[PDB]
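# Architecture at a glance
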Amino acid sequence: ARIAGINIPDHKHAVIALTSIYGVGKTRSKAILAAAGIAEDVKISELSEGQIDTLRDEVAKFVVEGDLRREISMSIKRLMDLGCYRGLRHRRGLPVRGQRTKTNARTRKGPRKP
Amino acid sequence: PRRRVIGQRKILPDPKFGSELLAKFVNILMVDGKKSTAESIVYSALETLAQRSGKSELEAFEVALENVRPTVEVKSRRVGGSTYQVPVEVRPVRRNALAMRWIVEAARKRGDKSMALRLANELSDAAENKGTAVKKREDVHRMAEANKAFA
Amino acid sequence: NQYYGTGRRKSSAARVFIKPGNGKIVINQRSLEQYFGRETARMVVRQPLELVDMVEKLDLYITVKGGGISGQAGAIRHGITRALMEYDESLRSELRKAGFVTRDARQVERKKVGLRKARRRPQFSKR
Amino acid sequence: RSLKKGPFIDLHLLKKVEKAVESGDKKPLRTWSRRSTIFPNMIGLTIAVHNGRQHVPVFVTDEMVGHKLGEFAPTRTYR
Amino acid sequence: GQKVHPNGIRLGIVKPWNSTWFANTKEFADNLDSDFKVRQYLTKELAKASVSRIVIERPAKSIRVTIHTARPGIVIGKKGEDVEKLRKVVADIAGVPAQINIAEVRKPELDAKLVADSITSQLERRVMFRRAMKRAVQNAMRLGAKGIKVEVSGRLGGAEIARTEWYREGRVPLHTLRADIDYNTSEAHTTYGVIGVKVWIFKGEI
Amino acid sequence: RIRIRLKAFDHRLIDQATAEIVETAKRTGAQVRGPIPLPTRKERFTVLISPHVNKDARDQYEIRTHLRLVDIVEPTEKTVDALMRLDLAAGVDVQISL
Amino acid sequence: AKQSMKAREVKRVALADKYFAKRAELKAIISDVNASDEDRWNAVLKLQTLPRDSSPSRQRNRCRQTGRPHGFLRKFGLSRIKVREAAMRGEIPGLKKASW
RNA sequence: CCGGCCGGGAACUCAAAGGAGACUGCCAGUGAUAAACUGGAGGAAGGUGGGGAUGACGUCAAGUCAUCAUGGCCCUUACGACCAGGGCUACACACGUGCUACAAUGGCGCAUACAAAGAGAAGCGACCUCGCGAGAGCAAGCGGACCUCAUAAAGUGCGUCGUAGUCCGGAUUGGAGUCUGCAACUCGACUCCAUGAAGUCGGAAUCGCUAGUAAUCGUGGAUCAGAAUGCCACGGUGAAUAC
Ligand SMILES: [Mg+2]
Ligand SMILES: [Mg+2]
Ligand SMILES: [Mg+2]
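Residues numbered from 1 in each chain as written, not as in the entry; some residues may be left out. Chains lettered and ligands numbered in written order. Part of a larger assembly, values for the part shown. Heavy atoms only, no water.

Method of determination, as annotated in the archive: cryo-EM, at 3.2 Å resolution.

### Overview of the overall build of chain B
In terms of regular secondary structure, chain B is built from 8 helices and 2 strands. Secondary structure elements of chain B occur, N-terminal to C-terminal, as α-α-α-α-α-β-β-α-α-α. Taken over the C-alpha atoms alone, chain B extends approximately 55 × 40 × 25 Å along its principal axes. By residue count, 33% of the 151 residues in chain B fall in the buried class. (Helix = DSSP H or I, 4+ residues; strand = E, 2+ residues; numbered from the N terminus. Buried < 20%, exposed > 50% of the residue type's maximum accessible area, 1.4 Å probe, protein only.)

### Re the overall build of chain C
For chain C, the count of helices and strands is 3 helices and 4 strands. Starting at the N terminus and walking to the C terminus, you meet the elements of chain C as β-β-β-α-β-α-α. For 127 residues, the compact-globule estimate of 2.2 N^0.38 gives 14 Å, and chain C exceeds it by more than 25% at 18 Å. Every one of the 127 residues in chain C was classed for burial, and the buried ones make up 38%. The contacts of chain C with a sequence gap of at least 6 include a subset with a gap of at least 24, amounting to 66%. Of the side chains in chain C, 29 bear a positive and 12 a negative charge, and the two mean positions are spaced by 18 Å. (Rg over C-alpha atoms; globule rule 2.2 N^0.38 Å. Contact = heavy atoms within 4.5 Å. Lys, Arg positive; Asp, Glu negative; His and termini not counted. Charge placed at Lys NZ, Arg CZ, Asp CG, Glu CD.)

### Observations concerning a positive patch on the surface
On the surface, C:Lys111, C:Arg116, C:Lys117, C:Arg120 and F:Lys55 cluster together into a patch of positive charge. Inspection of the secondary structure assignment puts C:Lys111 in the segment after α3 (88-96). (Patch = residues over 30% accessible without salt bridge, like charges linked within 9 Å, V, L, I, M, F, W, Y side chains within 5 Å. Areas by Shrake-Rupley, 256 points an atom, 1.4 Å probe, with all protein chains shown as cover. Salt bridge = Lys/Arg side-chain N within 4 Å of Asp/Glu carboxyl O.)

### Things to note about the sheet that holds strand β3 (residues 25-27) of chain C
All names here are of chain C. Spatial ordering of the open sheet is given by β1-β2-β4-β3, a layout of 4 strands whose pairing is mixed. Looking at strand neighbours, the two that pair on one side only are β1 (3-5) and β3, the edges of this open sheet. Going across the sheet, the axis of each strand differs from the next one's by a mean of 20°, ignoring polarity. Note that β3 and strand β4 (residues 58-65) share 3 bridges and pair parallel. Across the sheet, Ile25 pairs through a bridge with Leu60, a residue of β4. (Pairing = 2+ DSSP bridges. Axes fitted to C-alpha atoms, helices over the stretch in contact; angles between N-to-C directions.)

### Considering the protein's contact with RNA strand H
In the vicinity of RNA strand H lie 165 residues, with A:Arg86, B:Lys34, C:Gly67, C:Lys97 and D:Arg34 positioned nearest. Protein-proximal atoms of RNA strand H, defined as those within 4 Å of the protein, fall in sugar or phosphate at a share of 72%. One of the backbone nitrogen or oxygen atoms of C:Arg121 is found 3.1 Å away from a sugar or linking oxygen of RNA strand H. Contact distances for RNA strand H include 2.7 Å between a phosphate oxygen and a side-chain N or O atom of G:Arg8. A breakdown of the residues in the surface near RNA strand H according to their chemical character gives 46 nonpolar, 48 polar and 71 charged. (Near = heavy atom within 4 Å. Polar contact = N/O pair within 3.5 Å; in protein donor to acceptor, adjacent residues only side chain to side chain. Nonpolar A, V, L, I, M, F, W, Y, C, P; charged D, E, K, R; others polar.)

### A word on the arrangement of the chains
The assembly contains 8 pairs of chains in contact; the pair sharing the most contacts is chains E and G. These two, chain A and chain C, are apart from each other, with no contact and a minimum C-alpha gap of 20 Å.

### What about the interface of chain E and chain G?
Counting from both sides, the interface comprises 18 residues of chain E and, opposite them, 19 residues of chain G. When chain E packs against chain G, the two sides together hide about 1,500 Å² of surface, and 68% of this comes from carbon and sulfur. Scanning the region where chain E abuts chain G turns up 2 salt bridges. Salt-bridge contacts for G:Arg64 lead to E:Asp33; the nearest nitrogen and oxygen are separated by 3.7 Å. For the interface between chain E and chain G, the tally reads 4 residue pairs in polar contact. (Buried area = accessible area lost by both parts, 1.4 Å probe.)

### Here we look at the packing of helix α1 (residues 20-29) of chain B against helix α6 (residues 92-107) of chain B
Residues and elements named next belong to chain B. Where α1 contacts α6, the axes come no closer than 9 Å and their chain directions differ by 50°. Judged by the inter-axis angle, α1 sits oblique to α6. Judged by the sense of rotation from one axis to the other, the crossing of α1 with α6 is right-handed. Residue-level inspection shows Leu21, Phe25, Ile28 and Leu29 of α1 in contact with α6, the latter providing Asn96, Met100, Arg101, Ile103 and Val104. Each residue belonging to the contact of α1 with α6 can be placed in one class, and the counts come to 7 nonpolar, 1 polar and 1 charged. (Parallel < 35°, antiparallel > 145°, perpendicular 65-115°, else oblique. Left-handed = near helix turned anticlockwise from the far one by under 90°.)

### A few points about the sheet that holds strand β8 (residues 194-204) of chain E
Hydrogen bonds between backbone groups are what pair the strands of a sheet, and the pairing can be parallel or antiparallel. Residue and element names in this part refer to chain E. What the 4 strands build is an open sheet, ordered β6-β5-β8-β7; its pairing is antiparallel. In this open sheet, the two strands that pair with only one neighbour each are β6 (163-168) and β7 (180-189). Each strand axis lies, on average, 10° off the axis of its neighbour in the sheet, ignoring direction. Examined bridge by bridge, strand β5 (residues 147-154) and β6 share 6 bridges and lie antiparallel to one another.

### Side note on the coordination of the magnesium ion (ligand 1)
At the metal site, the magnesium ion (ligand 1) is ligated by A:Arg89 (NH2) and A:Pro95 (N), and these contacts range over 2.3 to 2.7 Å. In this pair, the class of A:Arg89 matches that of A:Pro95, namely buried. (Donors = N, O, S within 2.8 Å, 3.2 Å for Na, K, Ca; no water.)

### Looking at the nonpolar core
B:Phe25, B:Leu49, B:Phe61, B:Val68, B:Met100, B:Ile103 and B:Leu123 are the most contacted members of the largest nonpolar core, which has 23 residues in total. Of all the secondary-structure elements, those providing two or more residues to this core are α1, α2 (35-47), α5 (62-68), α6, α7 (115-127) and α8 (132-145) of chain B. In terms of residue count, the dominant contributor to this core is α6(B) (6 residues). C:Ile18, C:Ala73, C:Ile76 and C:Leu91 belong to the second largest nonpolar core, which has 21 residues in total. (Core = buried A, V, L, I, M, F, W, Y, C linked by side-chain atoms within 4.5 Å.)

### A short note on the packing of aromatic side chains
Inspection of every chain in the model, using the stated rule, returns 8 aromatic pairs over all chains. Between C:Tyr35 and C:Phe36, the ring centres sit 6.3 Å apart and the planes meet at 85°, which makes this aromatic pair edge-to-face. The positively charged end of C:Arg77 is found above the aromatic ring belonging to C:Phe100, 5.0 Å away from the centroid. In this structure, E:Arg155 is placed above the aromatic ring of E:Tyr192, and the distance from its NZ or CZ to the ring centre is 4.8 Å. (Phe/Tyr/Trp six-rings, centres within 6.5 Å; stacked < 30°, edge-to-face > 60°. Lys NZ or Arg CZ within 6 Å of the ring centre and 35° of its normal.)

### Focus: unusual backbone geometry
Of note in the backbone geometry, C:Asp104 takes a positive phi value of approximately 55° without being a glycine. Within the element layout of this structure, C:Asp104 appears in the segment after α3. We note that F:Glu43 has phi near 55°; this positive angle belongs to a residue other than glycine. Summarising the element assignment, F:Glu43 is placed in the loop between α1 (11-27) and β2 (61-63).

### Structural notes on the environment of E:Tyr192
All names here are of chain E. Along the chain, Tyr192 falls in the loop between β7 and β8. Here the alpha-carbon distance between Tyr192 and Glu27, two residues 165 residues apart in the chain, equals 43 Å. Beyond its immediate sequence surroundings of up to four residues, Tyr192 is in contact with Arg155, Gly158 and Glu160.

### Observations concerning the side chain of E:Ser19
Mapped onto the elements of the fold, E:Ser19 is located in strand β1 (residues 19-20). Within the local environment of E:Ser19, its side chain forms a polar contact with the backbone nitrogen of G:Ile92, the two atoms lying 3.1 Å apart. Other than its neighbours up to four places away in sequence, E:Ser19 contacts E:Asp35, E:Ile56, G:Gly90, G:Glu91, G:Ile92 and G:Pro93.

### Here's the deal with helix α3 (residues 81-94) of chain E
Residue and element names in this part refer to chain E. With 14 residues, α3 extends 20 Å from end C-alpha to end C-alpha; this agrees with the ideal 20 Å at 1.5 Å per step. Among the residues of α3, those classed as buried are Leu86, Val90 and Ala94. Axial view of α3: buried residues confined to an arc of 60°, hence all on one face. Looking at the buried positions of α3, the neighbouring elements they touch are α1 (28-43) and β4 (98-104). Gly95, located one to two residues past α3, shows a positive phi value of around 75°. (Expected span 1.5 Å × (residues − 1). Arc of directions from axis to C-beta.)

### A closer look at α2(B)
Residues and elements named next belong to chain B. With 13 residues, α2 extends 18 Å between its outermost C-alpha atoms, agreeing within 8% with the 18 Å of an ideal straight helix rising 1.5 Å per residue. Restricting attention to buried positions, one finds in α2 the residues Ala38, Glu39, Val42, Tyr43, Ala45 and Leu46. One side of α2 holds all its buried residues, which, seen down the axis, span an arc of 155°. Its buried side turned inward, α2 meets α1, α3 (49-52), α4 (57-60) and α7.

### Some points on the pairing of strand β1 (residues 5-8) of chain F
Residues and elements named next belong to chain F. What you see with β1 is a clean split: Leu6 and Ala8 sit on the buried side and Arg5 and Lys7 on the side with no burial. The sheet contact formed by β1 and strand β3 (residues 66-69) spans 4 bridges and is antiparallel. Within β3, the residue paired with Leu6 across the bridge is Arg68.

As structure tokens, then:
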């Protein structure tokens, strides 16, 4: 309801709110509720704050919103520093997940201009 | 094909209570070859109709079967080229499949809960004539009311 | 005493044995509702029995395998037709009228060259 | 990615810089072994990465840590 | 390719095999190359001695090479010195012991390969191809043949274009899968070009 | 004692290759066990008869390799003395495994 | 079919199995979970001198008579359009055409 | 020691062969009593009952001299020969095949049921050990209805999710890896963690299909050191019309 400072995962199950949290995904929520000692069958609207602060303390061990994009940007600045092919391609605003580029990258390369 | 004039196959009756209509009722909705779950959700939806109608299933729909079933369809007679409606008598040998077809097309509708809850509510809607397959009957009646005495 | 029911329904070998005296139906040392009492073909394993006698006169001992759940549940429907032969004529002429005694020689067609399935042609272009 | 045990270094790329770590390498090097990566010893070089039509002189900063020579070679001319 | 070889579909049915031996797929290709290269060497060694057909067998790596000839007088030579010399080279190229056996044909007009070799010797001399075909077909029909289909194709007689010519005299069942027909293919490369022959002869029915 | 495992191509060849094994072992060889069908493998594949063009042209070639068991059960000496160095119905493969 | 191609298969196969392809104690025993001694380099030191003429991964594993990289099959030794012309000519033991 | 594991039977599931039986075999009839056909019992099996290889004179002088072949021509201290490296995967942009999709006849979790066809000796590898998984050690066993690849999947029971791009769906990149073969980025695949679109079942137009077919959900082979949704193949579930 308040975790992470900004995100309100209201009416989300205990681990579903953590999968929907900004920074982590599918298994880290399970890992958090296992390291904290909570089950995942009820929404966030039933667990009191006596444990929500503990969930927020336990998630303070990973990279969070403010450092997530900034570690990504540190890597991207390493790309703008080196000059390698993934810096060249990334410095032209091109799609994001592999190697094939010629015929089918149209969603993230945008529709055809002319 | 152009040569042979054969008809349809034999219809397997249902082992619970023999109903060709019900069998077709399921096999028109059948999808993808996964019939185990379809059987899990249709007979469960019909023993749940057994209370929605108060009586059994073969008579649950006979009060509404007629409502789905019209007297007319269209077949274009060509006297130089035409593509609009020309009314003709609908065949009863397949009017059953037509009636079980449009009501499952309507059963895909009303979608908020799962399948079994909604298709039986649609059966009640044809019992009290509040379905869109019930209005399809008047729609084909309108596609027949216009051009009479064609051929 | 002991009478055998054959079967080969849809690549599913039916091997049935019938005894007189009771009405138990055990599928490969497992019971009716343990395996498929509420599943596909839940009653055609009795329809041969429920055409004449099922509940307490004749008890069954089935071992059908080699396919899918539906194939195993139909292998018995066809095995009991061959098992009910202690009154061969009265059990065979009664059921041939309704069927259930044919083999249903249905074999899954193999992959045919070109045809991307048993019958599907690869997609055209025309142009 | 690459090996679990030992990064793949060619012997023509490795040794030419080994004894010149002592001296300074004085110059670009005619590298025809673009398939190997960089370790602290090779930082500061003006090496000539193979690219076909020519060999590109590339300065090796300390930031080129876990990367191979064949990656920043202009084989993708594209105008 | 509308017409299949009218023996490849009748091989293991009515007609004899030609590479008759059992083994496993660890030396099989080594047996195959040794068979092919030595078979082509023997057809390069005994062609003028008329080899109607050659059969290969590998029983327990003591192979049997059977050579069906029409003129064995020049095959054996002086009491078998040529054959005892040949037993050496086949075993050299194959690496396996070889038992070579000559077989005989009385009338050489029973093999389509043996007459196709005659056609190959015919149409490489600037001779009338009709005088070859129409003559061999009557020479075969007078001794007996319930069906014969002889085809010559290509540059025949200086056609300068693609042309096929066939002489069909009798019942040639290239579809019925109960009969026995002999058939083989040959080419003759004159200065004009190659000339291909297809010789079908139906004698046996069972 | 001689587990005889022979493998051959044809059923009208392996039958006449097993006839001699099962005949010689009764006149000399003390009541062999018997032959079992022993289902077979046929190596079914589709090999490209294709030339540079026309992928849709195929061939479906196979090799039918028959499988049979004999299993002479008794360790009789005249069995091995009758089955020392004989090979019949060429086109087959036989072995003498104790 | 090129003379040089068909000889290039020969120059590789004459030495691959004559060399490190069987002389392979310095192939896997050196490359293990053992000490991170010079061994990690000593693996590559020999291979830098070794030609890429001799490695199991290298050769195309094709037909012999043709010289053609395609059409070959692992079990035969011959390309497709030659092996079929010998097949239905009869020169393949027990190979014939059946159907289902 | 409810593992056919141990005696035992050689009934049986099944299996490789030899046969068998399906045949218009009989009957009603508009009709040239003909032919046959809708068709009835019989009938494990109804009309070529399954399906397949099988392509008839040939045709577009269709494609192929880069599968191979071999005239004719040409070059031949070069159009021959050899090494390293890049390319074919470069990309404003068309189109042609297919998987994933465009959620609730559905998604996630425990649980749990059954295939047939294949492959396996310079090759597969039970078992045990480490790991979330990928996969690394030890490595008996099989050139094979015995040992293995290899645990089939949708399924069945059940809980939850309940309409928002939401537990739908996952891609063209980040970060850390895992194997292969000298060798993984220009150029291999795979696993995990992190971000999360398009798209809300569609226009012109157009394609596949007469059954155990379509649709389909897993499996294996080939090619191979590695390298597919594809090619070819196995089987599970299982429709619709044919006026
Ligand atoms: Mg892009
Ligand atoms: Mg053309
Ligand atoms: Mg169409």
